[PDB]
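Trainee: My structure is in query-v8.cif, and what it holds is mmCIF, C-alpha atoms:
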```cif
data_start
loop_
_atom_site.label_atom_id
_atom_site.label_comp_id
_atom_site.auth_asym_id
_atom_site.auth_seq_id
_atom_site.Cartn_x
_atom_site.Cartn_y
_atom_site.Cartn_z
CA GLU A 5 36.15 124.28 43.48
CA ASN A 6 35.63 126.01 46.82
CA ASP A 7 38.03 128.81 46.01
CA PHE A 8 37.81 132.64 45.79
CA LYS A 9 37.00 133.54 49.38
CA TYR A 10 37.79 137.19 48.72
CA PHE A 11 34.04 137.90 48.62
CA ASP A 12 33.95 136.11 51.98
CA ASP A 13 36.61 137.59 54.25
CA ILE A 14 34.89 140.93 53.66
CA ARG A 15 31.79 139.48 55.39
CA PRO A 16 32.95 139.85 59.05
CA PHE A 17 33.86 143.45 58.24
CA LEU A 18 30.73 144.13 56.23
CA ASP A 19 28.26 143.01 58.85
CA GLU A 20 30.30 145.01 61.36
CA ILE A 21 29.63 148.48 59.99
CA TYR A 22 26.02 147.46 59.41
CA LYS A 23 25.88 146.63 63.09
CA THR A 24 27.57 149.77 64.42
CA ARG A 25 26.08 152.03 61.74
CA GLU A 26 22.45 152.50 62.77
CA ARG A 27 22.22 151.21 66.36
CA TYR A 28 24.05 154.17 67.84
CA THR A 29 21.58 156.25 69.87
CA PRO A 30 21.51 154.18 73.11
CA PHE A 31 25.31 154.15 73.17
CA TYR A 32 26.38 157.71 72.41
CA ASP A 33 25.33 161.30 73.07
CA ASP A 34 24.39 164.46 71.20
CA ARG A 35 26.18 167.36 72.85
CA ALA A 36 29.34 169.46 72.95
CA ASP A 37 28.79 171.75 69.89
CA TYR A 38 31.59 170.85 67.53
CA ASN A 39 32.61 173.81 65.43
CA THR A 40 32.75 173.53 61.66
CA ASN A 41 35.10 175.75 59.66
CA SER A 42 34.43 175.53 55.94
CA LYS A 43 36.22 177.43 53.24
CA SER A 44 35.69 181.18 52.86
CA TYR A 45 36.14 183.19 49.68
CA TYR A 46 39.91 182.87 49.73
CA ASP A 47 39.63 179.14 49.22
CA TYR A 48 37.11 179.85 46.48
CA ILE A 49 39.56 181.92 44.49
CA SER A 50 42.10 179.27 45.39
CA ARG A 51 39.87 176.82 43.56
CA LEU A 52 39.59 179.26 40.68
CA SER A 53 43.10 180.74 40.54
CA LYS A 54 45.21 177.70 39.74
CA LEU A 55 42.50 176.66 37.35
CA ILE A 56 42.67 179.91 35.43
CA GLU A 57 46.45 180.16 35.38
CA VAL A 58 46.83 176.57 34.18
CA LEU A 59 44.93 177.57 31.06
CA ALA A 60 46.21 181.14 30.99
CA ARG A 61 49.69 179.82 30.33
CA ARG A 62 48.25 177.21 27.99
CA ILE A 63 46.71 179.90 25.83
CA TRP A 64 49.70 182.18 26.15
CA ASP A 65 51.89 179.47 24.64
CA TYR A 66 49.48 178.72 21.85
CA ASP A 67 51.51 180.98 19.57
CA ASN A 68 54.54 178.72 19.36
CA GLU A 69 52.41 175.65 18.66
CA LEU A 70 50.50 177.59 16.01
CA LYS A 71 53.84 178.89 14.72
CA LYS A 72 54.90 175.29 14.23
CA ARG A 73 51.61 174.58 12.50
CA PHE A 74 51.95 177.39 9.99
CA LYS A 75 55.63 176.63 9.60
CA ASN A 76 54.96 173.14 8.32
CA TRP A 77 52.41 174.54 5.86
CA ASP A 78 55.23 176.39 4.14
CA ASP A 79 57.40 173.30 4.59
CA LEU A 80 54.78 171.45 2.57
CA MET A 81 54.78 174.27 0.01
CA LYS A 82 58.53 174.07 -0.49
CA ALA A 83 58.31 170.28 -0.54
CA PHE A 84 55.56 170.24 -3.17
CA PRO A 85 57.45 170.69 -6.51
CA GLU A 86 59.75 167.86 -5.46
CA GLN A 87 56.70 165.67 -4.87
CA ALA A 88 55.20 166.79 -8.18
CA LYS A 89 58.29 165.89 -10.19
CA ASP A 90 58.61 162.67 -8.20
CA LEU A 91 55.02 161.84 -9.13
CA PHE A 92 55.78 162.71 -12.74
CA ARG A 93 58.78 160.40 -13.00
CA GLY A 94 56.58 157.58 -11.73
CA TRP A 95 54.13 157.39 -14.62
CA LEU A 96 56.57 157.98 -17.48
CA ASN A 97 58.42 154.83 -16.35
CA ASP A 98 55.53 152.83 -17.77
CA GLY A 99 55.00 155.69 -20.23
CA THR A 100 58.33 155.51 -22.04
CA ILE A 101 58.05 151.72 -22.18
CA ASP A 102 55.18 151.80 -24.68
CA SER A 103 56.93 154.38 -26.83
CA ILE A 104 60.51 153.34 -27.53
CA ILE A 105 61.34 150.47 -25.18
CA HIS A 106 59.22 147.64 -26.68
CA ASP A 107 60.92 148.84 -29.85
CA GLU A 108 64.19 150.52 -30.98
CA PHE A 109 66.09 150.08 -27.70
CA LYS A 110 65.73 146.33 -28.11
CA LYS A 111 67.33 146.84 -31.52
CA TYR A 112 70.05 148.90 -29.87
CA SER A 113 70.58 146.07 -27.37
CA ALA A 114 70.86 143.61 -30.27
CA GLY A 115 73.12 145.70 -32.50
CA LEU A 116 75.22 147.36 -29.81
CA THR A 117 75.91 144.15 -27.90
CA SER A 118 75.76 141.09 -30.17
CA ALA A 119 77.57 142.58 -33.16
CA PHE A 120 80.36 144.05 -31.03
CA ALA A 121 80.66 140.78 -29.13
CA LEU A 122 81.14 139.18 -32.55
CA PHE A 123 83.80 141.81 -33.21
CA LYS A 124 85.42 140.73 -29.92
CA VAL A 125 85.33 137.10 -31.07
CA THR A 126 87.03 138.09 -34.32
CA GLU A 127 89.62 140.07 -32.33
CA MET A 128 90.35 137.02 -30.16
CA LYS A 129 90.77 134.80 -33.24
CA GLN A 130 92.97 137.50 -34.80
CA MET A 131 95.13 137.79 -31.71
CA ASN A 132 95.50 134.02 -31.45
CA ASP A 133 96.72 134.14 -35.06
CA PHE A 134 99.08 137.01 -34.18
CA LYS A 135 100.33 135.09 -31.12
CA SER A 136 101.03 132.17 -33.45
CA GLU A 137 102.75 134.15 -36.21
CA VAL A 138 104.91 135.86 -33.60
CA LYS A 139 105.72 132.47 -32.04
CA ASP A 140 106.13 130.77 -35.44
CA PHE B 8 25.52 140.92 36.58
CA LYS B 9 28.32 143.13 35.33
CA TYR B 10 27.23 146.71 34.85
CA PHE B 11 29.68 149.54 34.63
CA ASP B 12 26.86 151.88 35.56
CA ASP B 13 28.54 155.27 34.97
CA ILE B 14 30.97 157.30 37.06
CA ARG B 15 29.34 160.75 37.39
CA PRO B 16 25.95 159.92 39.07
CA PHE B 17 27.79 158.28 41.93
CA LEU B 18 30.16 161.12 42.79
CA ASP B 19 27.26 163.52 43.32
CA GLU B 20 25.61 161.23 45.87
CA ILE B 21 28.44 161.94 48.30
CA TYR B 22 27.93 165.71 47.90
CA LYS B 23 24.13 165.76 48.10
CA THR B 24 21.89 166.84 50.96
CA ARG B 25 18.11 167.20 51.02
CA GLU B 26 18.08 169.78 53.88
CA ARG B 27 14.63 169.15 55.30
CA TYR B 28 13.02 171.60 57.72
CA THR B 29 13.68 170.25 61.16
CA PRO B 30 12.08 172.77 63.52
CA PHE B 31 13.97 174.46 66.27
CA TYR B 32 12.25 174.52 69.70
CA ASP B 33 11.39 170.84 69.76
CA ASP B 34 12.68 167.73 71.49
CA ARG B 35 13.85 166.09 68.28
CA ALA B 36 17.05 168.05 68.86
CA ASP B 37 16.96 169.50 72.35
CA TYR B 38 20.16 171.51 72.78
CA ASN B 39 20.44 171.67 68.94
CA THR B 40 24.20 171.47 69.19
CA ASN B 41 26.10 170.47 66.10
CA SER B 42 26.65 166.82 67.07
CA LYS B 43 23.53 165.03 65.85
CA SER B 44 24.32 166.47 62.43
CA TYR B 45 27.68 164.70 62.61
CA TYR B 46 26.08 161.37 63.58
CA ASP B 47 23.51 161.60 60.81
CA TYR B 48 26.17 162.60 58.32
CA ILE B 49 28.83 159.96 58.87
CA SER B 50 26.30 157.16 59.33
CA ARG B 51 24.59 158.14 56.10
CA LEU B 52 27.96 158.38 54.40
CA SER B 53 28.94 154.83 55.29
CA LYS B 54 26.20 153.33 53.06
CA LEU B 55 28.31 153.39 49.93
CA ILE B 56 31.17 151.65 51.70
CA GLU B 57 28.73 148.77 52.03
CA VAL B 58 27.64 149.25 48.41
CA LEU B 59 31.00 148.75 46.74
CA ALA B 60 31.85 145.80 48.99
CA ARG B 61 28.64 144.18 47.74
CA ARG B 62 30.01 144.94 44.27
CA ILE B 63 33.12 142.95 45.25
CA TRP B 64 30.80 140.06 46.14
CA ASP B 65 29.25 140.43 42.68
CA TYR B 66 32.69 140.14 41.07
CA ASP B 67 33.70 137.03 42.96
CA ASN B 68 30.31 135.36 42.50
CA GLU B 69 30.66 135.92 38.77
CA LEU B 70 34.21 134.55 38.64
CA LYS B 71 33.12 131.47 40.59
CA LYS B 72 30.38 131.09 37.97
CA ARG B 73 32.96 131.47 35.20
CA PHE B 74 35.47 128.90 36.44
CA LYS B 75 32.60 126.56 37.29
CA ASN B 76 31.36 126.79 33.70
CA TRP B 77 34.88 126.04 32.52
CA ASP B 78 35.23 123.06 34.86
CA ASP B 79 31.95 121.54 33.68
CA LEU B 80 32.97 122.06 30.06
CA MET B 81 36.26 120.28 30.78
CA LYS B 82 34.17 117.49 32.27
CA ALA B 83 32.28 117.31 28.98
CA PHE B 84 35.40 117.53 26.79
CA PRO B 85 36.51 113.82 26.79
CA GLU B 86 32.99 113.03 25.54
CA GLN B 87 33.93 115.16 22.54
CA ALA B 88 37.45 113.73 22.20
CA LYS B 89 35.83 110.33 22.07
CA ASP B 90 33.70 110.31 18.85
CA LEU B 91 36.26 112.79 17.59
CA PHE B 92 38.68 109.86 17.57
CA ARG B 93 35.88 107.71 16.17
CA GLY B 94 35.78 110.22 13.35
CA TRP B 95 39.57 109.77 13.22
CA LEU B 96 39.27 105.97 12.91
CA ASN B 97 36.26 105.35 10.65
CA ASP B 98 37.71 107.59 7.93
CA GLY B 99 40.79 106.96 5.78
CA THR B 100 43.35 108.72 7.98
CA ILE B 101 44.24 105.30 9.37
CA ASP B 102 46.64 105.45 6.39
CA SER B 103 48.69 107.79 8.55
CA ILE B 104 48.91 105.38 11.45
CA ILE B 105 49.37 102.01 9.72
CA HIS B 106 51.83 103.25 7.09
CA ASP B 107 53.90 105.43 9.43
CA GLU B 108 53.75 102.58 11.98
CA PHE B 109 54.64 99.86 9.48
CA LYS B 110 57.22 100.70 6.90
CA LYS B 111 59.80 102.98 8.50
CA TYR B 112 60.20 100.96 11.68
CA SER B 113 60.15 97.53 10.01
CA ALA B 114 62.69 98.57 7.37
CA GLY B 115 64.80 100.21 10.07
CA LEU B 116 64.97 97.06 12.19
CA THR B 117 65.63 94.75 9.23
CA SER B 118 68.30 96.97 7.65
CA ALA B 119 69.86 97.59 11.07
CA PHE B 120 70.32 93.93 11.91
CA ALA B 121 71.34 93.18 8.32
CA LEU B 122 74.07 95.83 8.48
CA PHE B 123 75.10 94.59 11.92
CA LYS B 124 75.19 90.94 10.83
CA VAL B 125 77.15 91.64 7.64
CA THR B 126 79.57 93.80 9.64
CA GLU B 127 79.93 90.99 12.19
CA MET B 128 80.54 88.49 9.36
CA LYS B 129 83.21 90.77 7.89
CA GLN B 130 84.70 90.94 11.39
CA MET B 131 84.76 87.14 11.57
CA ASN B 132 86.41 86.88 8.16
CA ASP B 133 88.99 89.39 9.39
CA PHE B 134 89.40 87.41 12.61
CA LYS B 135 89.97 84.09 10.83
CA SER B 136 92.46 85.81 8.53
CA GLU B 137 94.19 86.98 11.71
CA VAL B 138 94.13 83.49 13.23
CA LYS B 139 95.23 81.35 10.27
CA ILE C 101 64.15 162.80 -19.12
CA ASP C 102 67.94 162.72 -19.13
CA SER C 103 67.72 161.20 -15.66
CA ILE C 104 65.35 158.48 -16.84
CA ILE C 105 67.51 157.64 -19.82
CA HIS C 106 70.47 157.56 -17.40
CA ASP C 107 68.31 155.43 -15.06
CA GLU C 108 68.49 151.63 -14.53
CA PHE C 109 67.03 151.33 -18.06
CA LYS C 110 70.42 152.33 -19.52
CA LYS C 111 72.52 150.28 -17.23
CA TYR C 112 72.64 147.07 -19.24
CA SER C 113 74.71 149.21 -21.59
CA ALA C 114 76.63 150.74 -18.66
CA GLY C 115 77.67 147.42 -17.11
CA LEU C 116 78.09 146.11 -20.67
CA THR C 117 80.61 148.79 -21.65
CA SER C 118 82.39 148.43 -18.30
CA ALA C 119 82.67 144.67 -18.88
CA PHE C 120 83.96 145.44 -22.38
CA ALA C 121 86.65 147.67 -20.89
CA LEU C 122 87.52 144.93 -18.38
CA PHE C 123 87.80 142.43 -21.24
CA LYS C 124 90.15 144.75 -23.14
CA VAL C 125 92.28 145.15 -20.00
CA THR C 126 92.21 141.34 -19.76
CA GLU C 127 93.49 141.21 -23.35
CA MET C 128 96.32 143.67 -22.66
CA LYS C 129 97.46 141.90 -19.51
CA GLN C 130 97.40 138.65 -21.49
CA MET C 131 99.71 140.35 -23.99
CA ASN C 132 101.92 141.07 -20.98
CA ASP C 133 101.55 137.39 -20.04
CA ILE D 101 56.72 163.57 -27.86
CA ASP D 102 59.34 165.18 -30.14
CA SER D 103 61.08 166.17 -26.92
CA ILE D 104 61.20 162.64 -25.58
CA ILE D 105 61.97 160.57 -28.68
CA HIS D 106 64.56 162.97 -30.12
CA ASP D 107 66.32 163.73 -26.83
CA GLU D 108 66.13 159.99 -26.04
CA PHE D 109 67.35 158.86 -29.45
CA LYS D 110 70.08 160.88 -31.04
CA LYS D 111 72.40 162.10 -28.28
CA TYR D 112 72.66 158.78 -26.49
CA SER D 113 72.92 156.62 -29.62
CA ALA D 114 75.60 158.84 -31.16
CA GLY D 115 77.40 158.95 -27.82
CA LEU D 116 77.58 155.17 -27.51
CA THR D 117 78.59 154.62 -31.15
CA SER D 118 81.24 157.36 -31.18
CA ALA D 119 82.50 156.23 -27.76
CA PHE D 120 83.09 152.63 -28.78
CA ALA D 121 84.42 153.76 -32.17
CA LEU D 122 86.99 156.01 -30.48
CA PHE D 123 87.82 153.23 -28.00
CA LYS D 124 88.18 150.60 -30.73
CA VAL D 125 90.34 152.80 -32.97
CA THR D 126 92.49 153.71 -29.95
CA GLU D 127 92.79 150.02 -29.08
CA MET D 128 93.75 149.24 -32.69
CA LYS D 129 96.41 151.97 -32.61
CA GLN D 130 97.60 150.40 -29.35
CA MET D 131 97.86 147.00 -31.05
CA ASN D 132 99.78 148.47 -33.98
CA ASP D 133 102.12 150.08 -31.44
CA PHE D 134 102.38 146.76 -29.58
CA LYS D 135 103.26 144.76 -32.69
CA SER D 136 105.83 147.41 -33.62
CA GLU D 137 107.24 146.87 -30.12
CA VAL D 138 107.25 143.08 -30.53
CA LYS D 139 108.69 142.69 -34.04
CA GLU E 5 45.00 163.19 10.24
CA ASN E 6 44.14 163.05 13.94
CA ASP E 7 46.44 165.90 14.84
CA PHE E 8 46.03 169.34 16.50
CA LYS E 9 44.90 168.35 19.98
CA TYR E 10 45.54 171.85 21.27
CA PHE E 11 41.78 172.50 21.18
CA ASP E 12 41.53 169.28 23.21
CA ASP E 13 43.92 169.47 26.15
CA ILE E 14 42.08 172.65 27.11
CA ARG E 15 38.93 170.51 27.61
CA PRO E 16 39.78 169.03 31.07
CA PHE E 17 40.56 172.58 32.22
CA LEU E 18 37.56 174.14 30.51
CA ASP E 19 34.96 171.85 32.01
CA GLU E 20 36.69 172.36 35.35
CA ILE E 21 35.94 176.05 35.80
CA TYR E 22 32.45 175.43 34.46
CA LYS E 23 32.07 172.88 37.24
CA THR E 24 33.48 174.98 40.08
CA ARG E 25 32.09 178.25 38.73
CA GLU E 26 28.37 178.13 39.51
CA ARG E 27 27.93 175.23 41.97
CA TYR E 28 29.48 177.09 44.88
CA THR E 29 26.75 177.88 47.42
CA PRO E 30 26.54 174.48 49.20
CA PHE E 31 30.31 174.45 49.60
CA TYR E 32 31.25 177.93 50.79
CA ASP E 33 29.97 180.72 53.02
CA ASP E 34 29.01 184.39 52.86
CA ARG E 35 30.51 186.11 55.88
CA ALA E 36 33.53 187.91 57.29
CA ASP E 37 33.10 191.41 55.72
CA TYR E 38 36.12 191.82 53.49
CA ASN E 39 37.14 195.43 53.21
CA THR E 40 37.59 197.05 49.83
CA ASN E 41 39.97 199.98 49.40
CA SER E 42 39.60 201.62 46.01
CA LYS E 43 41.49 204.62 44.77
CA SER E 44 40.80 208.07 46.23
CA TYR E 45 41.38 211.39 44.49
CA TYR E 46 45.15 211.12 44.73
CA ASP E 47 45.11 208.12 42.44
CA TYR E 48 42.77 210.07 40.18
CA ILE E 49 45.25 212.87 39.70
CA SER E 50 47.86 210.14 39.42
#
```
Reformat the file's structure so that it appears as structure tokens.
Mentor:
Amino acid sequence: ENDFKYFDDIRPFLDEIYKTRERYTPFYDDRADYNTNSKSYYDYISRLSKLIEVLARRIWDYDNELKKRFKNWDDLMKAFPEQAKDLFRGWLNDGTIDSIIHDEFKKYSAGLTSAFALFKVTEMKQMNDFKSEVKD
Amino acid sequence: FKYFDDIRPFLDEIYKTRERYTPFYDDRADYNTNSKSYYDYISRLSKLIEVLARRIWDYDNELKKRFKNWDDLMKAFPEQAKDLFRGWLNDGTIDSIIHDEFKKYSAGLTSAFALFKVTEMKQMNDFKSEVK
Amino acid sequence: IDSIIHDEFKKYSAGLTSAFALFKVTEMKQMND
Amino acid sequence: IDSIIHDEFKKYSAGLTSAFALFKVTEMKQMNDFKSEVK
Amino acid sequence: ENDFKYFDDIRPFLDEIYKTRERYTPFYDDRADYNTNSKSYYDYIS
């Protein structure tokens, strides 16, 4: 399409400064002695003074940041035995499984549930008989 | 022509002066007042304000190139969609179109008018039982 | 080790014994029935 | 391992057996009391 | 980790004085005769 004339409306204001940029000397004059005042030493230590205080404070307050950073070292130290015992209880989960769990605790599940459920079934049959012989 | 050149060797060009030896006691600068220095400084400073506007022309010329490439590719795209569809017809995925076109709609129309006609017949049996 | 025996690995027996107690309470309230 | 198998085995197994034995004998005493109430 | 950027926020204010520290002589001037008053004998016996 014939769109994007944003490179194009600059053109009548980009030839303009090229016209009035270098054809000046028949139109103007070189006189009148304009004074120039440019920045003595007080502006130089202006340029240096804010610059040094903005890092003077930012190395004066390095102590509290560093105090944080050797506080959390000791926070890690007091957190470490917890993490060690937490790591230890991770592996014995699979560790105790090979020892007793694919083993004796399955026998305890069998004997301590199925047999006592059979005892419950006998108690229900008994109590139905006792219900009857009370009702009889 | 897209070149992020670098930022530092442009910001020194605005703070750079050669300081050649123009002699005093000549007619190059007669009164040697401090005005011709101002002319030669501001006119030499307004070069870069042409430079970055030419960079704007570079941007828009590239974007015109980009959207033109897209437009020509969209011209070419129906020539891909055709012979894509010829791939879609000479294979066996016509079993999508003929089976999903055939069975559901034909059974829907037949069962619809069958249900409507049996319901209408039940209505007429009801109506004759009303009449007689 | 007492924590890992008291862990979820025990708790089939824990919910088991609690269900047994609930069943005995069910028996006693059926006596009341 | 004599820590883990012995401290895993004996205390918990004896606790569960003696617990349900005490509960079952207490329940049986309750049923004897209940039948003495009923009759 | 990528922590402890306290050695790093000093950087834009440590290149800055290195920039404006030794490139001064096209930008400033050497004039005006600042007086310096420095501590006679009375401050010495102070």
Trainee: Hey, list the chain A side of the contact with chain C: 10 Å cut-off, only C-alpha atoms, answer as a ChimeraX atom specification.
Mentor: /A:93,96-97,100-101,105,109,112-113,116-117,120-121,124,127-128,131,135
Trainee: Just so the selection is clear, what residues does the PyMOL selection byres ((chain B and resi 15-27) around 12) cover here, as an NGL selection string?
Mentor: (:B and (11-14 or 28-30 or 44 or 47-49 or 51-56 or 58-59)) or (:E and (27-28 or 30-31))
Trainee: Just to be explicit: take each residue in the selection above, keep C-alpha atoms, and write the result as a compact mmCIF listing (two decimals), keeping the file's coordinate frame.
Mentor:
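Below is the file that was written, out-v8.txt:
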```txt
# COMPACT_ATOMS: atom_id res chain seq x y z
CA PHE B 11 29.68 149.54 34.63
CA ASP B 12 26.86 151.88 35.56
CA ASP B 13 28.54 155.27 34.97
CA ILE B 14 30.97 157.30 37.06
CA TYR B 28 13.02 171.60 57.72
CA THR B 29 13.68 170.25 61.16
CA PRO B 30 12.08 172.77 63.52
CA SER B 44 24.32 166.47 62.43
CA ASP B 47 23.51 161.60 60.81
CA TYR B 48 26.17 162.60 58.32
CA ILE B 49 28.83 159.96 58.87
CA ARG B 51 24.59 158.14 56.10
CA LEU B 52 27.96 158.38 54.40
CA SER B 53 28.94 154.83 55.29
CA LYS B 54 26.20 153.33 53.06
CA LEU B 55 28.31 153.39 49.93
CA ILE B 56 31.17 151.65 51.70
CA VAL B 58 27.64 149.25 48.41
CA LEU B 59 31.00 148.75 46.74
CA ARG E 27 27.93 175.23 41.97
CA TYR E 28 29.48 177.09 44.88
CA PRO E 30 26.54 174.48 49.20
CA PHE E 31 30.31 174.45 49.60
```
Trainee: Using all atoms listed in the file, tabulate the residues of chain E lying at most 7 Å from any atom of chain A, each with its closest atom pair and that distance in Å to one decimal, by chain and increasing residue number, as a tab-separated table.
Mentor:
```
residue	atom	partner	partner_atom	distance
E:14	CA	A:59	CA	6.9
E:17	CA	A:59	CA	6.7
E:21	CA	A:55	CA	6.8
E:32	CA	A:43	CA	5.6
E:33	CA	A:44	CA	5.7
```
Trainee: Suppose you want the space between CA of residue 5 (chain A) and CA of residue 73 (chain B); what is it in Å?
Mentor: 11.4 Å
Trainee: CA of residue 5 (chain E) and CA of residue 18 (chain E), how far apart in Å?
Mentor: 24.2 Å
Trainee: When the PyMOL selection byres ((chain D) within 9 of (chain C)) is applied to the structure above, which residues does it catch, written out as a VMD selection string?
Mentor: chain D and resid 104 107 to 108 112 116 120 127 134
Trainee: How many Å separate CA of residue 40 (chain B) from CA of residue 33 (chain A)?
Mentor: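 So the answer is 10.9 Å.
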Trainee: Residues of chain A within 12 Å of chain B, using only C-alpha atoms, as a PyMOL selection string?
Mentor: chain A and resi 5-29+32-40
Trainee: Given all atoms listed in the file as the basis, pick out the residue of A:80, A:110, A:136, A:103 nearest to chain D.
Mentor: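 Checking each candidate against chain D, we get A:103 as the closest.
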Trainee: Just need the box for region 36-50 of chain E, edges along x, y and z, holding every atom the file lists for it with 4 Å tacked onto each side, so centre and edge lengths in Å to one decimal, as JSON.
Mentor:
```
{"center_x": 40.5, "center_y": 200.4, "center_z": 48.4, "size_x": 22.8, "size_y": 33.0, "size_z": 25.9}
```
